[PDB]
Structure formats: structure tokens, C-alpha cells
DNA sequence: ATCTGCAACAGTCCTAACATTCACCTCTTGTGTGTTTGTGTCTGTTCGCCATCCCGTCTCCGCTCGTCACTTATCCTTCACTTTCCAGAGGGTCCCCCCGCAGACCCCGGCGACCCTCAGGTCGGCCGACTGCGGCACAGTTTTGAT
DNA sequence: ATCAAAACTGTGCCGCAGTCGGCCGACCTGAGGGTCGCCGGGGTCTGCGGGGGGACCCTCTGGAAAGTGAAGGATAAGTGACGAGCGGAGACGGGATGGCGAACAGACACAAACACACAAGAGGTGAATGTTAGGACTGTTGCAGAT
Ligand SMILES: Nc1ncnc2c1ncn2[C@@H]1O[C@H](COP(=O)(O)OP(=O)(O)O)[C@@H](O)[C@H]1O
């Protein structure tokens, strides 16, 4: 019950930023609110929740604290930030200088939204070519600047520029790169000479980590270093199923909620705009194939039980074998593509079942990958079958990335499926027209969730997003799946924290946290391959049932080489017995 | 008076010669060449074994140090068959009595 | 609290002889590492030559005279002349003056 | 009108600036990829330290510098200026690294 | 008649054949011994010499000079010649590392 | 059991006579390490370090710096001739070469 | 009884080189502090291999020269014609040894 | 197709043409042929093979997987080419 | 005769016989004097090291093992004159 | 052959990696004191070998004359490397996300030094006597160089 | 295409040098046992390298083109190599004074290993704390090249 103790500590060390220049008793010690939006916020108006967040951030400036906006994707973060800046211009009259840091994939949109919502403010961009930047350097040493856009790399590359300026208020963006404490940008921001205030701005809280340490317990508020650098482990030790996690450390969870009420703010998309219809998170499961079978453990039995850190190598055989391409020549030395040689991975039989029949229904399909050699092999097959697709990677140099949205989003675009990488794009796909997502392998993070789901969950789609997820029988990819998903449902606590991080009907963290504990109790209650079943759970309605059964009746008069190649026979037991 | 003994590898060189060619004789000058050759390769291999001893912070020359010194000093095919003869001799020495 | 295990180099002695021969000169760290390897290299050469002479005379003791002969075999010319002079001076000073 | 040097002067100013400086002249990441390739030709599991890759880079760059000096001596001695493969083969035979 | 004066070069080739067939020493023993006793007289006065020591020096220095003339012939074929010259010996001792 | 001068301070040296004695004594260079052996060898090592640092300090002054770098040791070692003969196999790291171009490659006076 | 003192260490491994003499040299040569047990056996096997290889190659070369006795000329031809032995003994000159019959190709007309 | 590592540039070619040319300019060379580049890549390949073979022999003796600074310095010390700086 | 012709006792045809063993087909006129200088420097080095060992052992006879140890530390090993 | 060109070489804040010095914390570790062998030291005797002579011998260096095929210097042609320029792209940083591995400390049994006797393997000088080899003659084959 | 020197074979037989019982001398490996130091080992804390990928910023390489200086071949005068002959001279195998220093044989001291306690020199670490080298701005001119 260290809540009163840390509130006495914030009662002590609140006036650090004041003099130098209950948990409500720091964030609600002053009561001054302005609800009407400022004057020069031209080009539209706010919603109600944007006004409420504006009110909270004015309260943050009045409380002289370093706050965090952490609301959801598609809720106007940039416009709330520029509303804060034009309030601090107009009413607070300090009128500068305002550092902002955004990613390079967003700075065009940020400088564009400066033109709509605040034309009177003086804004400076930063880009390549120091030949261009030398004039802006001499301009910004002169003092005529309020809003200074920049990006991550120009912080360290303009260390001298930012050293020779005394700021007032910075507001940075994209917190999931700030999520590392010993990062180079985080170390330069520690040795930055922080002026007064800073705000992270993330659509995503804690993801594949311990709780919200990196920023919200060390970086953003500098008292929380000297208070909770030791109790990080003591309040992360909840995570041993009934007595620890549910009986006694429910109070530890509630103390985390109580200490993460005043500093944060989080609103939900279904609660205000709700323009997204739905999401249908379905999963299936594949099985092993020829080299992936019981033969594969002999490969580990004579390499290890040899390629280093085999967990990276074990994922290659469950995505698709002969990415090595040394054993491809042991099956197909002529390197000519044909049936049941590409199709010797178990997910790929499911592909040439499902993909021609969603082609029979006409859904626009986002196909995700890690490990871009799998993307190359999928390219080779998807030219072997000749059905239309497009590719995006990390090598597209952003020009064809910005261009390719029109090539995919033509109103009669006969490109239906669409290859992607999960990491790729950097929240810059900005797509809405596709309506089915299938996924080969799963990341270590739920940022695959809160990005690649949101590539169709954003504004502009009215279909029913049917998500599928692939996994084989008894692979290591299963323990990636269960490990990441169920031991990183810790973000469920923060997505429940948001609903009282908002206007806070105070029954939330008891009653609807128990409704969250419905999920926390059917975690392991859910513990302990069909054509018609998968064909139903891909479909939507009865005229898709009609065309799938019509495909069934068309291949009923026909029979449908076999379904999956096996360990042919002696080549598999001769493959990896001569290597090592 | 009785002269102090000069000890060398003469009869051992001559014995290997009578294994590999039963009719050939060796000279005296060539016997001294083979003697100095054996002293030379012994000084090389035991010097390298002692360098491996002092590098690995260890105080005991073992068969592993003699094998690593052989792999370093002798090249190529000679290194391979020398390690072969060594493993054969040490396993026959430990095994049989 | 791990107490990084001591590796004992000749760094402070190179620095002290440097502050004798040039009273106001500093030494870069990689140059200190080079002089460290130089002192270990010359020490291993001279000790190895005294080892070979201890074997060759059928004796079992490294003395001042075996180090003197190792100096005269490894060091060329003027360096060997002055190093033999320095050594004989230092040993007669060490033996005579206590 | 264009101020083009007569051929040779760029070579002489390059010779002076690279004898005056002391950096490493081969790019670190392709040299490291070469070293890890050649180590993969022996024992397929290995690992390096950054000081070991820089050790091999110091050794190979100083070796090639000494070899190119002796190649330039052989190519001067053949009444030429252009060094050639027979000059490299002569330096590495008279030195005795090949035969 | 005409006395058979050989074409110049063929006598050099037959000497190359007979001195790569034979194996004796080529510097005569007493002149080489007086040389060695001079160069030892540079350092110490009353020295003495086993015949094994003098013949050890003779085997060593003749092997050194035969190796030097092999590498000198490599350099003087490299300069598109046959005749060896003093620049060839100085070049061979410069590449090998004995001079500079 | 009075006060104890170190053996280096007795011998009038700077290099650690006891450390050179134990390095000889544990390196297995002979059975018996003498008494004059570490004193004589530490004097030789002090002389060689004195000569290197003397010449490197002169070249450090001549490039107008007050700090001795590997380039400075490379120039000192390869510009003393007896050190060129002794250290003739050694590669010094970050060394560089002596700046020295042949006279055939230099241009003519006629143009 | 006095137990049957026999079976020298060269007899057990099937070596001809004196393993006791190699072990005495490894001890009193001050190489390391304490010589092992498999060490002189391994080392005498290596030296027996090298002497067997060289006397094999010289006895091939005495047959070629029609002479039933190995001479230093024969050891020179054997060592310097085997490539790996040349690269092993490349620093080493052999007394009364001669050189190889090797004329440069561009000298002969 | 385009999936192969056969359609990719091999790794000895990363010792680039101006890098060899710069090494030769430090060496004193005024004018270089066009075949020096290939010959020097062969020479560098053989030299690194010898040094890395001796360093991996040291490493596999010491029962470890990590080639270190001292292992390469010891391989260079018995190569002949002694190196200073990177270890005692 | 009078220590004039010591190195001159390395005769012109003996230098020619060494050069014929080396493979040389045709010889200049200053090869002779340069080879005399080369031989003298090499023997100065070897006899300096052999006299250093002989002084060290407190004896007055430069023997074959002293020459072999001098040549061995020179870098040129000598087989056949002592174990 | 003056003029334009241009790139290396100096002044001068500026910031920051990086020596540099307390400082004091261990904390190793070199030093003082005391037996204990034992390895070197001086003497002291002999004999194996090295220097020093002659000494005939004889073949090999040294000079000298002829002669010519090689070195070297012009001169021309040909082409291959150099320098500049524009564009793109891979090195250089950073970041992700997890694992695994070397290094650094603790008990504990495996083994190699340690004496101590024992016998037989190796060595060395003669002695036997044995065949491999040269050393100055004495015939038949195969390269060289002019008609 | 035929004569001419000459070097490799073939023969004889002789000087010496390996070689082989041998015989016997002597010293030094073998083993069977006592005992303790070393190293493998199985376990925790800690920091860095691996392995698939992303994002972004630039200097550095790369392809190509115009040009011109070096490489190289063809010729031709120059001459310093080689080859043969022949008259002395120093090297060489033989043999013997003569003396000297190198190699063994013995007693005995100092000198060095070993063990023991300690405190004082030496190694890590922040930590200011400078502070002195790189990173550019102005500015000057020393060396190379188009008219
Ligand atoms: N009050 C508003 N009125 C009109 N458009 C808005 C408003 N708030 C947000 N938007 C839209 O949201 C987009 C940017 O939202 P953003 O700040 O990126 O929020 P998120 O990060 O949650 O997507 C803009 O294109 C803008 O058109």
C-alpha cells in the first residue's frame, strides 16, 4: 500500500520544476479549465473527447507536470497536440519555443496539419541536404522560431543546434522507439538539458516488456527514477495462478491502476467514433509435412542434439523449408517450379485450398510475413499460379510506397491479394479497402496486432474483417504464439485502465476489471484441419456459402500426386545424414 | 679414461630404415643429418607445446597440447597423418595393458 | 561489486619513465598499450635467449652473465653497448650499495 | 577552359595524403564479411570479437602495404612505372612466401 | 684447319649441368680458412677453430651465396636480360630484408 | 622487521624488479633464477623504454602536439636505424609508413 | 617376488622411438612444469612418422640413382622434391647437400 | 528464379577497386595496372586463410567458440608478422 | 700473403662456379666485388655470434656447435654438423 | 612566360572525449627473517687436437688475345590507364527481440611428481671381416656446328 | 647432311668405410607403492555477439568518355662478356714435433628455494576536472596548367 507514500514523495518533489525552472493532490491541486476551443484553430472543430483531452492537458500544464497522452489509433492525436500548442500560444502567452519530434513517415502530415489548424504559427521542417539546412541553421540561431519539427536522427545529428537553444516545452511522438532506456536517443535526451516539460504520444502502451518503466517511470517524470527504480520488480512480480495473480496481487494491479490514473489519458475508438464495424479474430492450425515431420528431429539430433541460435532457424522450417536452397536441389535440382515441391510446406496446402476460393468470393487480402525469403518464395509461387498481387518490403525507398496505394486501391483493381511484411511500412500504409487478413508467422510483440490489424481496422472500411492466423502441429511457433499472446495479455490491464483513464465512472476497475478477469480466467480454460470447417469460417454470408458449395459441386464430378509429400521416401532420410 | 656418453637417435633411425627398406644402408653423415633433424623437430614441437601451456594458464603438457602443436607446426597432409599416428599410438598404449 | 580481475601491465612504469625523460608530456592510451606490448616482447626475447644459454652450457641457473650474453646477442650495436653499460652499473650499484 | 590536371599529379597528391594520414583503408563491414566467410570455410559455428576483426584488418593492411612497396621496387627495376602481376609474383617469390 | 671455338653460352650450359649434378665445396679450403680467421681476428685475438667449425662456415656461406644467385637470376630475367648485374644483387637483398 | 625499501628503489631503477623476478620465476625459463637477473634485466628494459619514449617525444614535439600517439612511435622506431633493425618484424597498430617516395616517380624539371 | 620388469613404453604403443628418452627430455628440458602421460608416446609417434616418411622418400631416390646407400645428396633430393617437406624444412640447409637440377626455361636456346 | 544466392555478388569483391588503389597509393605506387586488383585479391585471400587457420587452431584447442584478439595476435606471432597494440 | 689477399682469396672462378650452381648463364664484372662484400658482411655477423657464445662459455675454441647455434639464431638452420 | 586556379597550409572559438589526479578501498604481494641443500667454484691431472713447420706435386688461377652476341639507346606506334562527371547504393549508424556463451568464483576426486630398489638397453672401443665405392685406366653412344 | 669433342655408360680392382657379432660396462628406464596439487565440472551473475529484419543519412564507388603518356617492338651501333691457350704458384694430401686448453674428478661454501606475516605499493573507479586534440570558419599562397 505504497500509494500514500509515493503521494507524499510527489508532495515533496513536485516543486522541482516549479522552483528550478492523495494522487489527486498533485494533479488536481489547481482547478482551472477552459472547455471552449481556442480561436485560431481553423479548418473544422474538435470532437467532445478531444476537448476533454485538451482540458486535461491544460490541467497538466497548470499542475506543471509531465503528462502522457496514450489514446487509441484514429482519435486525433496531432490535432490535440496543436490545440495544446495554440492554447499555450494564445492564453498562456509564453508563445514559444515548441520542439516537436515526429517520425519521417509522418512529418509531411504534421507540417500539413500545421497549415489547417494553426496558420499563424511559425514552423520549421528538417530534411536531408545540409546545403539546404545551413540557411535554416543560421535562421534558428537567430531566434525567429516557435514550432520546430525534426525527426529522430537529426536530434543527435543537430546536437549543437539543440544545445545552443533553451526551449520551453517539447512534445515528442511515437513512444515505441522511446521504449528503451539505454537507447542512444534516450541518452542524448537525458544529456539534452531538458527545459521544462515533455510528452510522449503513443497509440500503444506496454508491448512485449515489463510495465511502463522506460518513459512513464523513469524518463517523463524524473522523481520516479529515485522512487520506483527498485519497486519495478516488486510491482511487476504479479504477472502461481489463483493465490498470487488473482487473490492477493489484484490489489497490486489496483495500485498500478491508481498510480497510472493521473499521469495518463486513454480513450477508445468504439466509445466515441465507432466508425469501424467489427473484428473477427479467428485462428486455424496447419500440420507438419515431409521434411517438417518426425524426420526433422533427426536434423536437430545430428546438428545440435549446425546453425547458431536455432530458434531463428526453427522458424524457417515452419514458415517454409529449403530457404537454405541447398536441399531444394536435393528435391528439385532443375530449379523448375512445379506441384508438390513448393507445396511441401504445410501452410501452402492451406494456401492453395483457401486463396482460390476467396478468389471465388472476391475479398481483397492482406498477406503478411516475416523473413522476406518467404516473401520471395511466395512471389515465385504466385507467379507459378499467375494471380494478381503486389509486394512491399524495406527496400521500396518510400516513393513507390507512397505511389503503390493507387495501384492497389484502383476502384476496379484486379489485384486482390497483397503481400506484406509485418514490420514494413512504419504505420504508413494508411489503407482501408482490403477486407481479409491472413498471417503466416507471429511476431514477438502485440504490435503485429496493433499495427497489422489496424491496417484495416482504421477509418474507411465497412466490411467484416476476417482475420486468420497460421500455426502447425507441435512446433516452436506454438510456444511463440502462446508465450507472446497469453503472457503478453498484460496490455489487457492497460486497455481496462483506459476506461477509467477517461471521464472515470469509478466502478470500472472493480466491475469491468472483473469482466476483464473473465478473460483472465478463461486463459487456461481454453487449454484442453477440415475443408468444410475452414471453408465456413472464412466465409461471411449465404451467397458466399453458395459459391463455396458451387465450387464443391464443380469438383464433385471430378476427383478434387497426393495432398502432402512425406518423408520421396529415401531422399528424406538421405538429406541431412551426410551433412553433419 | 672412459669417455662421457654421447646419446642420440642413431639406432632408432637405423631401425626405421630397416623397416621401410630392408636392403638399403645409411651413411654416417646422413645418420648425423637425421639425428639433427629429429632434435630440431623435437625442439619445435615441445616449444609450441610449452607456448600453449603458458597461454592457456595451465601447467601440464598433455596429448591435447602435443596434438595442437602438431596441427600448427606440420602442414597439410603430413599434419593429418601425424595426428592419425598419434591417436593410434595413444589408444593402443592406454588400451593394451 | 564483481572486482574486475587484475591484469598487471607496465603502464605506470612507462608513464613514470616518460615523466623522467620529458617533464610535461602525456601519452595516449593506445600508445601506452603499444609500449606495454613492447616491454613484454623484449622481456620474452631476452628471457628466452637466457633459457637457451642455460641449456647450452649444461647449467641450470639464469644469472647476470646469462642476461648479459642475451643482451649482446639480441641488441644491435650502440643499443647493446649502452644496455650492457646500464646493466653493469645497476647491478654493481644494487650489490655494493646494499 | 576546364582545369584538368596532366595525368600523374592526382596520383602524387594521393600518395602524399595517404602516407600522411593513418586510418584503415578498407571498409570495415566488407572486410568483416570476408573474414567471417574464410572462417566459415574451417569451422562452421564460430564467433569473433570486434578487436579480433580489427586485429586482422591491421595485419592485412600493413602486409599489403609492405607488399606494394616491394612491388614498386621490382617495377622500377624493370624500367617501368606501372606495376604488374609479374612484379607481384616476383616480390612474393624473392621474399619467399610462395616458393 | 680451324680449331673448334664453341659458340659462347654452351660452355655455360654444360657448367650449369655439371655443378647441379655434383655436390662438393667450391671455395677452396685454405683461402676460406684464412678469411674466417681474419674476420674472427676482428673480435678476439687468441681464438682457435675446429675443422668442423670452419667447414660449417663454408657449408653455410656457400649455401647462402647459391640461394642469392638463384634470386639474382630471377631478378635479371625479370628485367628482360640474361647478364646479372650489381643492381640485381642489391635488389634481392632489398626485397629479402637484409639491406633496407 | 624494519622499514623495507623495494628492490627497485635499492637498485636505483623504475621498473619493478620484484615483478620481473616473479615473471622469470613462473615462466619456466630455468630452474634457478639468480639474484642479479631481475635487476640486470629491469635495467635493460628501462634503457629501451627510455630510448623509445625519447625519440617519440621528439617527433611528438615536431608535429606540434603534446601527446604521444602510435604514428609518433612509428616515426621514431623507423627513423632510428638500430630500432629499425631490432623491431624490423613488428607491425605497430594505427602506424602508417614513413613518408617516402622514389625519385623515379617524381616528375622531371623539363616541361 | 621381484615383479617381472619388462615391457618398455615403446613396446606397448608399437613405436620404435624411445619413449623413455623422449619423456626424460620433455621433463628436464624445462618446457612446462609437469609433463603428462600420453605426451611422449604421442610425440615419439609423430617423430617416427616423420623419419619414416623421409627415409621412404630417400630410399625411393637411391633406387633412382642406382645406389644401395642413402647419402646427403639423396636426403636433399627427397626433401626438396616433396612439396610439403620442402615447405616444412624451407629454412634448413643440409650440409654436403647440393641443389636441385633446375634450369630456367628462358635461358636455353 | 530471383530467389537464389547465386544471383548475388560474392564476398571477395567487397574489397573494392579504389580500396586496393588506396593501399597502393600508401605503398608509394604511382601508376597501377588493371590486373593488380585481381592478383591482390588472390594474395589477400591466401594471407587471411593462413592467419585465420592458425587462430582457429588456437581457439579449438582452448575449448571455446570465440576467436579473440589474443588468438589472432598469437597466430600472427608465430606467422612472423608480429603485431603490437592489441594485447600483451 | 700478408693479409692483403684474404677476401681476394675468394677467387673469380670460384665466384663463377657458385654462380653456375645458381643457374646464372652470364656474369658482369662487378658481381665479383659485390659478392665479396656480401660474403664478408654475412661472415662478420655469424662469427660475431659464435665468438659471443665462445666468450660466454669461458673458453678459447670456436667449435661446430657454437657455429650451429649462431646460425640457428640467425634464421639459417644447419643440419649435419652436430645434434 | 603573367595570369588564373585551386588546394594544401595556417589562425581561431568550440565542444567534447579523454587523460589526470586524488582518494581510498581493498587487497594482493613483494619484502624481511630463518633453515636447507645443492649447484657452482677452484684446483688439479692428462691427452686429443690444433697450430706450425716442411714438402713434393700438379692442376688450376691469371693473364692475354680474339670475336660476337648481348646490353642499350633511338623512334614509332598503339592502347590502356587516368581524370572528370553524374547517379545510385551500400556502408554507417541506430533499433528490434531473444538467446546463448565466455568469464569469473567453489568443493572435489585424478593423477603425476616422488623416492627407492632392479635389470637390461644402449654405448663404446677394439677386433673381424665384409662389401660399396671410387680412381686412374680403357672402349662405344649422342649432341654441336659448319659445307 | 657428315666429321668432332666430349660426357654418359660399361669394365676392372682396390681403399675404405659401414656393419655386425661381440664382449662387456655402466647407468638409467621400469614398476609397485605413497601423497598431494590440478583440473574438470556443475552452478549463478553479467555483458556482448549472433540472426532474421526494419528506417534513415550521406560519401564512396561505379560506368563511361576524351585524352595522352607509358609499354613495347624493330633496328642498329657499341662493347664488354666468354672461350682457349699457356706458363707459374699456391693449394693439397702426407707426415711429423710440440704444447695447450678442454674435459673429467672432488670439497666445499655461499646462494637460492621454501615457508611465513604484512603493509605498503599497485589496480580499479568515479569524478570532477580540466584540457588538449578534431571540427569546422576565414584567410593566405605554393604549385600546376590553359593561353
Ligand atoms: N476534430 C477533428 N476534426 C476533423 N478531423 C479530425 C479531427 N480529429 C482528427 N481528425 C482526423 O484525424 C487524422 C489524424 O489523426 P491523428 O492525430 O493521427 O490520430 P491517430 O494517431 O489516433 O490516428 C487527420 O487526418 C484528421 O483529418
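Note that each Cβ is placed from the backbone with ideal geometry, even for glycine, and that neighbours are counted across all protein chains shown. The values are calculated or read from the model by the stated rules, or taken from the named source; nothing here is a laboratory result.
Considering every residue within segment F:53-67, establish whether at least one is facing chain C (nearest Cβ under 9 Å), within 11 Å of DNA strand K (Cβ to nearest atom), in contact with a strand residue (DSSP E or B) (Cβ under 9 Å, 6 or more places away or on another chain) and farther than 25 Å from residue C:32 by Cα. Looking for residues that are facing chain C (nearest Cβ under 9 Å), within 11 Å of DNA strand K (Cβ to nearest atom), in contact with a strand residue (DSSP E or B) (Cβ under 9 Å, 6 or more places away or on another chain) and farther than 25 Å from residue C:32 by Cα, one finds none in segment F:53-67, hence no. Checked across segment A:475-495, the condition of being part of a loop (DSSP other than H, G, I, E, B), more than 12 Å from DNA strand J (Cβ to nearest atom) and more than 16 Å from the chain's Cα centre (by Cα) holds for at least one residue. Applying the criterion of at least 1 residues that are within 16 Å of DNA strand K (Cβ to nearest atom) and either farther than 21 Å from residue A:179 by Cβ or more than 24 Å from the chain's Cα centre (by Cα) (or both) to the helices (runs of 4 or more DSSP H) found wholly in segment A:197-285 leaves A:223-228, A:231-236. The number of residues in segment I:25-50 being facing chain E (nearest Cβ under 8 Å) and within 11 Å of DNA strand J (Cβ to nearest atom) comes to 4.
Report, ordered by the first and then the second residue, all pairs with beta carbons closer than 7 Å, sequence separation of six or more or different chains, a first member in segment A:60-77 that is away from chain C (no Cβ under 14 Å) and under 15 Å from residue A:264 (Cα atoms), and a second member that is within 6 Å of the ligand (Cβ to nearest atom) and not in a helix (DSSP H, G or I). Listed by first residue and then by second, the contacts come to A:72/A:203. When the helices (runs of 4 or more DSSP H) confined to chain C are screened for residues that are out of contact with any strand residue (DSSP E or B) (no Cβ under 7 Å at 6 or more places or on another chain) and under 30 Å from residue B:4 (Cβ atoms), those reaching at least 3 such residues are found at C:29-56, C:64-74.
Rundown of residues vs (1) buried (at least 21 other Cβ atoms within 10 Å of the Cβ); (2) near DNA strand K (Cβ under 9 Å from one of its atoms); (3) part of a helix (DSSP H, G or I), yes/no style:
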| position | (1), (2), (3) |
| --- | --- |
| I:4 | no, no, no |
| I:24 | yes, yes, no |
| I:42 | no, no, yes |
| I:51 | no, no, yes |
| I:58 | no, yes, no |
| I:70 | yes, no, yes |
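The sole residue among A:511, A:497 that is loosely packed, with under 14 Cβ neighbours inside 10 Å and not assigned by TED's automatic domain parsing to the domain that holds residue A:297 is A:511. Being more than 8 Å from every other protein chain (Cβ to nearest Cβ), closer than 16 Å to residue I:16 by Cα and more than 16 Å from the ligand (Cβ to nearest atom) holds for only one residue in E:86, E:8, and it is E:8. Scanning segment H:26-36 for residues being buried (at least 20 other Cβ atoms within 10 Å of the Cβ) and within 15 Å of DNA strand K (Cβ to nearest atom) gives a total of 6.
Might you let me know whether segment A:120-138 holds any residue that is within 16 Å of the ligand (Cβ to nearest atom) and away from chain D (no Cβ under 14 Å)? No, segment A:120-138 has no match at all. Just so you know, in segment B:75-92 the residues that are surrounded by 14 or more Cβ atoms within 10 Å (Cβ to Cβ) and more than 23 Å from residue G:9 (Cβ to Cβ) include one that is farthest from the other protein chains (Cβ to nearest Cβ), and it is B:79. Taken together, the residues in segment H:9-18 that are surrounded by fewer than 17 Cβ atoms within 10 Å (Cβ to Cβ) and within 10 Å of DNA strand J (Cβ to nearest atom) amount to 6.
Can residue E:47 be described as facing chain I (nearest Cβ under 8 Å) and within 14 Å of the chain's Cα centre (by Cα)?
Values: facing chain I (nearest Cβ under 8 Å): yes; within 14 Å of the chain's Cα centre (by Cα): no.
Criteria not met by residue E:47.
Scanning segment A:547-580 for residues that are under 21 Å from residue A:357 (Cα atoms) and in contact with a helix residue (DSSP H, G or I) (Cβ under 7 Å, 6 or more places away or on another chain) yields a total of 5. From the list A:106, A:120, the lone residue that is more than 16 Å from DNA strand K (Cβ to nearest atom) and touching a helix residue (DSSP H, G or I) at 6+ places or on another chain (Cβ under 9 Å) is A:120.
For segment C:1-29, the set of residues classified as within 10 Å of chain H (Cβ to nearest Cβ) and either surrounded by fewer than 15 Cβ atoms within 10 Å (Cβ to Cβ) or within 16 Å of the ligand (Cβ to nearest atom) (or both) consists of C:7, C:8, listed by residue number. Under the condition of being away from the ligand (no atom under 16 Å from the Cβ), within 30 Å of residue A:269 (Cα to Cα), under 33 Å from the mean Cα position of the chain (by Cα) and surrounded by 12 or more Cβ atoms within 10 Å (Cβ to Cβ), the residues counted in segment A:1-50 number 4.
Looking at segment A:60-148, the helices (runs of 4 or more DSSP H) lying wholly inside it that each contain 1 or more residues that are loosely packed, with under 15 Cβ neighbours inside 10 Å, assigned by TED's automatic domain parsing to the domain that holds residue A:198 and under 29 Å from the mean Cα position of the chain (by Cα) sit at A:107-117. Chain D holds helices (runs of 4 or more DSSP H) entirely within its bounds, and those carrying 2 or more residues that are within 12 Å of DNA strand J (Cβ to nearest atom) and surrounded by fewer than 16 Cβ atoms within 10 Å (Cβ to Cβ) map to D:9-20, D:28-40.
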